[PDB]
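Protein sequences, first through last, are from chains C and F. Reminder that position 257 of the first sequence reads as 259 in the deposited numbering, one-by-one numbering, no gaps. Reminder that position 28 of the second sequence reads as 485 in the deposited numbering, one-by-one numbering, no gaps. A virtual CB, placed ideally from N, CA and C, is assigned to each residue, including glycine. See structure below.
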Amino acid sequence: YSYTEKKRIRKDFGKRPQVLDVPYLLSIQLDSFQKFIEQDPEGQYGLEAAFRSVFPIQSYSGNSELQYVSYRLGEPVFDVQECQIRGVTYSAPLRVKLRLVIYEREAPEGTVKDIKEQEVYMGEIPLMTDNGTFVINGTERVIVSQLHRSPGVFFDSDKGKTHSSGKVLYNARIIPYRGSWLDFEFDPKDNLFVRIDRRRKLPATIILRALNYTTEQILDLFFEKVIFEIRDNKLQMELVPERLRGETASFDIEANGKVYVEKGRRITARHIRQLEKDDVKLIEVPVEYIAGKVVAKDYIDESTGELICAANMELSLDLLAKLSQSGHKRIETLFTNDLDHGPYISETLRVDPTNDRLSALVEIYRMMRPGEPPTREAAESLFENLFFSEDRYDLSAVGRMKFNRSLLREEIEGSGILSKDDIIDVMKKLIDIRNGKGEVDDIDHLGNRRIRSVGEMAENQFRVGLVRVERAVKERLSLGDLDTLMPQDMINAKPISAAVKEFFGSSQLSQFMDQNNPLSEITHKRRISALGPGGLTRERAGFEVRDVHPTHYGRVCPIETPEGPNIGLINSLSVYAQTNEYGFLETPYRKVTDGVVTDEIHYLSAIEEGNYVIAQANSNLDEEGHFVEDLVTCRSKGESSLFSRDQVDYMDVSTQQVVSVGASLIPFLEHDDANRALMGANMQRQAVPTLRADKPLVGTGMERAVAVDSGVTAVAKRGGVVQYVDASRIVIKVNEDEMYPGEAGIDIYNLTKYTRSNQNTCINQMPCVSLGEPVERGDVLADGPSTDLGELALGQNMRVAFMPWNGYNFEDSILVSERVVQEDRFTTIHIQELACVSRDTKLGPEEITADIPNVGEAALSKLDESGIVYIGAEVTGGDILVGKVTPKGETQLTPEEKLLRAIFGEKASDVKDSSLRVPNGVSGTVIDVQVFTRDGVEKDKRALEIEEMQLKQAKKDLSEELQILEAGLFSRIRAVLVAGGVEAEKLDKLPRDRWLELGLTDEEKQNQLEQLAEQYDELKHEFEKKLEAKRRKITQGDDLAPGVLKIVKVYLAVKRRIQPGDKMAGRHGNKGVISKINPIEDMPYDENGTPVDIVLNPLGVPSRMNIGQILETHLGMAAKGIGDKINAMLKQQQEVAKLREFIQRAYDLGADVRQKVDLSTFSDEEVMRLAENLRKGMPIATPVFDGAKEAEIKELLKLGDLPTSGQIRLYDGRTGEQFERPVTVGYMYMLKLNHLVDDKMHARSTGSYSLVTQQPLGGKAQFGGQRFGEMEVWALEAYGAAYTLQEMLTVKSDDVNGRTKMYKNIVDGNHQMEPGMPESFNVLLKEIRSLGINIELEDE
Amino acid sequence: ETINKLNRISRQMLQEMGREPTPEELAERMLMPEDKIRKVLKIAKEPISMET
Ligand SMILES: O=C(Nc1cc(/C(=N\c2ccccc2)NO)cc(C(F)(F)F)c1)Nc1c(Cl)cccc1Cl
């Protein structure tokens, strides 16, 4: 047990013990980038690897070589926080040592000179935070891991649809990690073909010739040999007795003076056995049997020296005669069978246009780059640079691995390029599949699916950067002089920097972390995608890949995946899942040796898991863990059924691992249909943090792990006692055992305070500990947004009643009491960052000055002398946050305006008001202001005030650091001095500064005192340098965009509670929109007089089948019961005994659960705190599929004083009369998604307009009007409304005249329209007429 | 040509300064009044395709 577990404990139902506990949920993200940037003294993936690949770069034959030595990542220019505030990128300089050697022309190889240029700078690269996040511009971002087709070879079917002959086809595909694709495919005529990439189809053998294989050797490779002998006269044949299988006798088969088979008798196993035992090597055959046989090799006349027959040519009765008289004894032919061993390659040669190697290379080079005249060196260079070049091609490790494995090879690791043996073996495998031996693989299987991650992809982009820098290096090394340039002038920065910046900045996989929520972050960081680079698209891949595969078990969550344009093209990583060594997906299991189920953990990949029979997470075993049933439900290969007691190799580790962390937070999930469950776990990520982090009243037990593993909370680095607790910071004094000898020290935690979150919500941390409290190592020292006492509260539980209330709950609609909006529980805090830009126009510079044309004293009131709003001033819509004015000269007025100015004597200002004003309707309080200034332009008054303030605050902070740290350090010297030197009262008298002189008796403690001295002075100077650096960071002008002189950022904190139109939902996939806010007066209540918070609609329950939401209600009620009872017994102030008794009774609950319990806990000061935290309700943990049962809940209801049915009598708060029938009341945990109505709501009358085509367009955040589409138009057409439609697409929108001419009539009180012609069609006329097309408008 | 001259400085002074030269560095590095950088650096840029 831990220390916050003494604060609060969650009652846990369920039986199955957890053999393995949930690992770090952020594992994958951190591991990836940990591999990317790192020093690996070998070819393993990392910057080192990608470096070694392209390097060393040598010039063209000129013997000027540039080789790579070693690299380093400098310390970040700005730390996480500073870089987040300022808005720059959190990164490190990449400093790489390069050695430029120049070989003395005319080797033996030695260098005239080699300049080692010290660490030339190329690019800065982003860094991953401890939370697995990146900051691109001042914003936390995540790179989603990718799922693609693993490299190597793959054999498919493509039966059915092609050709409709049903004959199917068989194709192989070699997909490298990088480089051109290699494809082989058959056709209806059984002619083997080959294509590089998706390009033109070529006869297979044409590649073989390019490997320098003459026809004879191709045949020798793909066919066996049938030997014909002309011994004496009239032939003979060599016969392997197995050759006659699957064939019928073509003639009398007789040898050894004994007739084995006659004519017309198919050769069976009998004939074959007879031939085998009698051992007949040579038989006599007719001269006519070779009429169809194909001659293996070439044959010439020894005398005439002329070619008798070419290789792979059909023999005739005459050709035999023509090669027989020439003195030929032996004739080799192809062994061909239309069933067993097929004659494919022969016919393939029959379709081959080429002859020799050069010819093949010609057709290939003319295939890849067609239309341009081929050249020998060109074809050679191409073909050698396709699959055989170390540069332009590679499968890497996973590729070579899967390649060799699928080829039934031995070697698990090999070269990164293809070999003749490789291509040949692949072709052989394809031919074997067409022959009937071997099977075809499927893509959907997770063994063929590889998982990438941040580091790998970043490595790829950096690789592209390195190749484009390589081209430049060679380009310059072409003409270069000797000892002038060095590895600086060549290598640039921007090419690489933008190469990585383009990846992190804009990519489909690189996105902004969704931080509205601790679950959202952690479930985003664990995610998979089949989209992006190196993957399919929604418009391409069909239903197969999207669909769930049995291999998804334990690897990928079946029920968590977005519902929309891409379904199952994303999914999520499962709970206990891990990335395999080679990059596949493997899940934990339990090895079952003999008859015992062992607790040893074993990880099996998608392919590893295949043959083994795995048992069930839900299975009955006892004592030693032997299976209770004689047969138990299991799954072995692709399928599940009942299995013998001991046939079982393995078993599931947990009742969880099938699902993900999102689904694992859904209580009573087993009681919910998969559709609504999916919707539930989908919306659970949308929950906006509440004002008061509450707690789930009905839990799972994952919510602790989610809260802790996600970076939202603050966890103790080391255990000890709290020296200091503030809403700002928390200082813990470290225990000695955990403490390091030097520096002594205490752990100081600076808590994040109110600040902007990516979703504009609020992120703020509060201390969960009090002054002088014991804290265990790895314990929550504070809670983040939407977290309570180390658990995850995504929302707030509350009283719910199921019953129709006056149709206000009508569809999914939710009827909530006033008690909720009054208690401000569902209230939310939004932090909006608003910006003001001071730019440069040709008319002049823009000023932030407080002097604003046309504003009242009340308008300039909330602004200081400089024109920026004070910190803390509450503002609403229309208030001026930052005064800004831009020059616009010579207004060029008109006559009546001129008379007006002449009468009123008003000077029309040369300046126009651009001031940043709070967006319409939104209202909040200003929590901060920042001023970014171009370096070298004078800081204004306000900015200076702020700068000085920040300087002082910094000095105070640093001074606090040094004080707490120094006192903490000397407090150790006091303790060590007392051992061997002890003077209690004598020591603390003299000044502390002079303590360092005092020694000690000979011992290691003297050297300890020495340590404390060294580290003390270290801290003392470190303070100095840190102060200096902080000051410089404050004063320096941040680099801004072109034209912008200065920028003012105001941070508004808006507080919106709840109003009709907001979206709310449970964890069960039941949505709703708050309909009306009903007084506590009209609320249905019970006999006790306690009203209900929320009234749902029962009708929503049966149709969409989620019954869990009802169970969640019931248990919830019962849970609250245990609270209320305790709430009374605390209000009765009984004693420790009664309380403890009741609590224990609650935590036991009938029989057979795994929870255990107390009275190892201090019976007074500890227990009474737990009971104090339990009075709000009794938190319960319902495991995913291991969760509670009806009987357990009813029992808990008995303990609660509440009915079994979970239904009580309810009275209308209006009439006061009872409602007929009982109604279900309880506590259902409910969230608030951020759909909030004051966001969604939009209205526009007359706004701005698009330039290119005049159409309504919002430029002000004042929204463009709704889009009237084709379907809406049809809807108008169906009715008889012509004028509604005309006014819709003419005057209200597209007519540059009609709109204004309309407006004047609308204000004049005349409703008409003078439509004219829409500008769209008017432009179409010009576009058409711009061509050679004359379009005109006839008649009148 | 004036723009190109401003590129040359950027090259060396990029790695030389460890990040990049300040917007006013190449200014004194170049002959003319040197405040023209911001001006010259502006008009040089090619307009982004409106169809982007
Ligand atoms: O997926 C297949 N069968 C298949 C079998 C089952 C099954 N039992 C299982 C139960 C749990 C896990 C895995 C299998 N049945 O008793 C379930 C599915 C499921 F997708 F709906 F979850 C598919 N067959 C299959 C194979 Cl083996 C390869 C490629 C494509 C398919 Cl469609």
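- Query: Quick one, which residues of the region 922-942 of chain C are near chain F if we go by CB-CB under 8 Å, in chain order?
  - Reply: Listed by position along the chain: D937, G938.
- Task: Determine, using beta carbons only, whether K499/F comes closer than 8 Å to chain C.
- Result: By 1-based counting over the second sequence, the position of residue 499/F is 42. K499/F counts as touching chain C.
- For the region 469-499 of chain F, which residues have a CB atom closer than 8 Å to at least one CB atom of chain C, in sequence order? Along the region 469-499 of chain F, going in chain order, the ones with a CB nearer than 8 Å to a CB of chain C are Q469, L471, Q472, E473, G475, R476, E477, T479, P480, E481, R495, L498, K499.
- Counting pairs of beta carbons, one from the region 675-690 of chain C and one from the region 1116-1133 of chain C, are three or more of them closer than 8 Å? No, they do not touch.
- Message: With three or more C-beta pairs closer than 8 Å as the rule, is the region 1157-1173 of chain C touching the region 1195-1211 of chain C?
- Response: No contact exists between the region 1195-1211 of chain C and the region 1157-1173 of chain C.
- Message: For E962/C and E565/C, I'd like the C-alpha separation in whole angstroms.
- Response: What you label residue 962/C is simply residue 960 of the first sequence in a count that begins at 1. What you label residue 565/C is simply residue 563 of the first sequence in a count that begins at 1. When rounded, the distance between both Cα atoms is 52 Å.
- Out of curiosity, what's the CA-to-CA distance linking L210/C and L204/C? Translated into the one-based positions of the first sequence, residue 210/C becomes position 208. Translated into the one-based positions of the first sequence, residue 204/C becomes position 202. Near 12 Å, if we compare the C-alpha coordinates of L204/C and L210/C.
- How far does the beta strand (DSSP E) with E67/C in it reach, from first residue to last? By 1-based counting over the first sequence, the position of residue 67/C is 65. It spans 66-75 - the beta strand (DSSP E) in which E67/C sits, taken as one unbroken run.
- If you run the structure through DSSP and keep just helix, strand and coil, what is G1152/C? As a working mapping, residue 1152/C is identified with position 1150 in the first sequence. Here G1152/C sits in coil by DSSP.
- Item | Complete runs of the alpha helix (DSSP H) confined to the region 787-836 of chain C [at least 4 residues] | DSSP assignment within the region 787-836 of chain C yields the following whole alpha helix (DSSP H) runs of 4 residues or more, N-terminal first: 820-825.
- Query: Does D485/C come within less than 8 Å of chain F when only Cβ atoms are used?
  - Reply: By 1-based counting over the first sequence, the position of residue 485/C is 483. Judged by the 8 Å Cβ criterion, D485/C is not in contact with chain F.
- Item | N-terminal and C-terminal residue of the alpha helix (DSSP H) that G1102/C is part of | Reading the first sequence from its first residue, position 1100 is the one you call residue 1102/C. Counted as a single uninterrupted DSSP element, the alpha helix (DSSP H) harbouring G1102/C occupies residues 1102-1105.
- Does the separation of the CB atoms of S455/C and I873/C fall below 8 Å? In the first sequence, residue 455/C corresponds to position 453, counting from 1. In the first sequence, residue 873/C corresponds to position 871, counting from 1. Taking C-beta atoms as the reference points, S455/C and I873/C fail to come closer than 8 Å.
- Taking only heavy atoms of ligand 1 into account, decide whether any of them is closer than 7 Å to the Cβ of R637/C. Reading the first sequence from its first residue, position 635 is the one you call residue 637/C. The answer is yes for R637/C.
- Message: With H, G and I counted as helix, E and B as strand and the rest as coil, what does DSSP make of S643/C?
- Response: Reading the first sequence from its first residue, position 641 is the one you call residue 643/C. If DSSP states are grouped into helix, strand and coil, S643/C belongs with the strands.
- Under a CB-based cut-off of 8 Å, is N494/C close to chain F? Mapped onto the first sequence, residue 494/C falls at position 492. For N494/C, the nearest beta carbon of chain F is closer than 8 Å to its own beta carbon.
- Does the count of Cβ pairs from the region 450-466 of chain C and the region 69-78 of chain C closer than 8 Å reach three? Short answer: they don't touch.
- Message: Using a Cβ-based criterion (distance less than 7 Å to any ligand heavy atom), does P590/C qualify as near ligand 1?
- Response: As a working note, residue 590/C is residue 588 in the first sequence. Distance from the C-beta of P590/C to the nearest heavy atom of ligand 1 is not below 7 Å.
- As assigned by DSSP and simplified to three states, the class of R175/C: Within the first sequence, residue 175/C is the residue found at index 173, counting from 1. Residue state, collapsed to three classes: strand.
- Task: Have a look at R88/C and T141/C and give me their C-alpha separation to the nearest angstrom.
- Result: Indexing the first sequence from 1 puts residue 88/C at position 86. Indexing the first sequence from 1 puts residue 141/C at position 139. Roughly 10 Å between the two C-alpha positions.
- Message: Restricting to runs no shorter than 4 residues, where is the alpha helix (DSSP H) found entirely within the region 454-495 of chain C?
- Response: For the region 454-495 of chain C, whole alpha helix (DSSP H) runs of length 4 or above, ordered along the chain, are 456-481.
- Do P743/C and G701/C have their C-beta atoms within less than 8 Å of each other? As a working note, residue 743/C is residue 741 in the first sequence. As a working note, residue 701/C is residue 699 in the first sequence. No. Outside cutoff.
- Query: What residues are listed by DSSP as bridge partners for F136/C?
  - Reply: Your numbering for residue 136/C matches position 134 in the first sequence. Looking at the DSSP assignment, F136/C forms a beta bridge with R143/C.
- Rounded to whole angstroms, what's the CA-CA distance from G1282/C to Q1288/C? Just pull it up for me. On the first sequence, residue 1282/C is found 1280 positions in, with the first residue counted as 1. On the first sequence, residue 1288/C is found 1286 positions in, with the first residue counted as 1. Approximately 12 Å between the Cα atoms of the pair.
- Query: With 16 other CB atoms within 10 Å as the buried threshold, where does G1152/C fall?
  - Reply: As a first step, residue 1152/C must be located in the first sequence, where it is residue number 1150. Looking at its Cβ environment, which holds fewer than 16 other Cβ atoms inside 10 Å, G1152/C is exposed.
- Task: Step through the CB atoms of chain F and report whether any lies within less than 8 Å of the CB of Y1251/C.
- Result: Working through the first sequence from its first residue, we reach residue 1251/C at position 1249. Chain F, which has no Cβ nearer than 8 Å to the Cβ of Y1251/C, makes this no.
- Between which two residues does the alpha helix (DSSP H) carrying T6/C extend? Position 4 of the first sequence, counting from 1, holds the residue named residue 6/C. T6/C: member of the alpha helix (DSSP H) spanning 6-9, first to last residue.
- Query: Taking the alpha carbon of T893/C as the point to measure from, which residue in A875/C, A206/C, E876/C, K914/C has its own alpha carbon closest?
  - Reply: Translated into positions along the first sequence, residue 893/C becomes position 891. The shortest Cα separation from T893/C among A875/C, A206/C, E876/C, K914/C belongs to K914/C.
- Message: Let me make sure I understand the geometry here. Which of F506/C, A474/C, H1237/C, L484/C has the alpha-carbon closest to that of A495/C?
- Response: Position 493 of the first sequence, counting from 1, holds the residue named residue 495/C. Nearest of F506/C, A474/C, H1237/C, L484/C to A495/C, Cα basis: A474/C.
- Spatial distance of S1247/C from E813/C (CA atoms): Within the first sequence, the letter at position 1245 stands for residue 1247/C. Within the first sequence, the letter at position 811 stands for residue 813/C. Straight-line Cα distance between these residues: approximately 32 Å.
- Residue-level contact to chain F via CB, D491/C, 8 Å cutoff: Start at 1 with the first residue of the first sequence, and residue 491/C comes out as number 489. Chain F places a beta carbon closer than 8 Å to that of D491/C, counting this residue as a contact.
- Item | Neighbourhood of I616/C by C-beta, 8 Å cutoff - its chain only, sequence neighbours within 5 removed | By 1-based counting over the first sequence, the position of residue 616/C is 614. In the same chain as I616/C, and ignoring 5 residues on each side of it, the C-beta atoms closer than 8 Å to its own belong to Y591, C636, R637, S638, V650, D651, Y652, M653, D654, in chain order.
- Message: Counting only Cβ-Cβ distances shorter than 9 Å, please list the residues of the region 119-133 of chain C near chain F, keeping chain order.
- Response: Within the region 119-133 of chain C, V122, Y123, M124, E126 place their CB atoms closer than 9 Å to a CB of chain F, listed in sequence order.
- Query: How about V364/C and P375/C: do their beta carbons lie closer than 8 Å?
  - Reply: For the purposes of this step, residue 364/C is taken as the residue at position 362 of the first sequence. For the purposes of this step, residue 375/C is taken as the residue at position 373 of the first sequence. No.
- Query: Which residue spans inside the region 289-347 of chain C form an unbroken alpha helix (DSSP H) run of at least 4?
  - Reply: Qualifying alpha helix (DSSP H) stretches, in chain order: 319-326.
- Message: Excluding the 5 residues flanking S467/F on each side, which residues of the same chain have their C-beta closer than 8 Å to its C-beta?
- Response: As a working note, residue 467/F is residue 10 in the second sequence. The answer, listed in chain order, is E477, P478, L483.
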